[PDB]
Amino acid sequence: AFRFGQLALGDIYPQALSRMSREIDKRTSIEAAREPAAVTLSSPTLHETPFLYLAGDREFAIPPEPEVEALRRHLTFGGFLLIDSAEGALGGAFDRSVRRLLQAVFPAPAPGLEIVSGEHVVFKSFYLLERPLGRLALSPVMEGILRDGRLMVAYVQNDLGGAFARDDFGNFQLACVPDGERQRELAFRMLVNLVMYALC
């Protein structure tokens, strides 16, 4: 069964990952484990979760060199990192930390964060999509890091996890802005596409 590796660097939406797994199970033939694995970059078993997920809404420190190198190797040898900002606006403390992190993982002149083409196969890897919608729709594009056309890192500032967040009563908690429940569905599809792309 597919299992997210939840990378913990500094739980905005308790149980959003579990909800992401449930959607992968309903929507696809992939069996997704309900409980993500909480992982750190110094974990000896980082490799057990090819798909890593990093969410946040504030600053986090650059990890130490062996951890940066563990991440670099994880990605170059076939893993995937989804970075998902919950900050609510673009270009805040989390964004600044993300950019510094990825500069450490892939120093120039290596490929760094660039805008992902709307023609990239990630946007048609399960659902047919156009842009990376989340709870928000601020950014019209996704950023990422490519290696030989393969997306190794996807960075979404539009808050995918917030679309999945639920209240104490089992309902969706947060509004998707501006396009509502239609947008929430497109966010769920974006997440499924990222997982199916990374796995296949």
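Counting begins at 1, following the sequence as shown.
Counting the unmodelled positions of the deposited sequence between residue 180 and residue 181 gives zero. According to the PDB record, 26-34 carries the higher mean C-alpha B-factor of the two stretches 45-53 and 26-34. The stretch with the higher mean CA B factor, choosing between 119-127 and 97-105, is 97-105. When the C-alpha B factors of 162, 140, 144, 66 are read from the deposited coordinates, the top value falls at 66. Among the modelled residues of its chain, residue 113 has a C-alpha B-factor that falls in the middle third according to the deposited record. When the CA B factors of the chain's modelled residues are split into thirds, the value for residue 40 lands in the highest one.
In the deposited entry, the Cα temperature factor of residue 17 places it in the middle third of its chain's modelled residues. Sort the modelled residues of the chain by CA B factor and residue 155 lands in the lowest third.
Per the PDB record, residue ranking by Cα B-factor puts residue 61 in the highest third of the chain.
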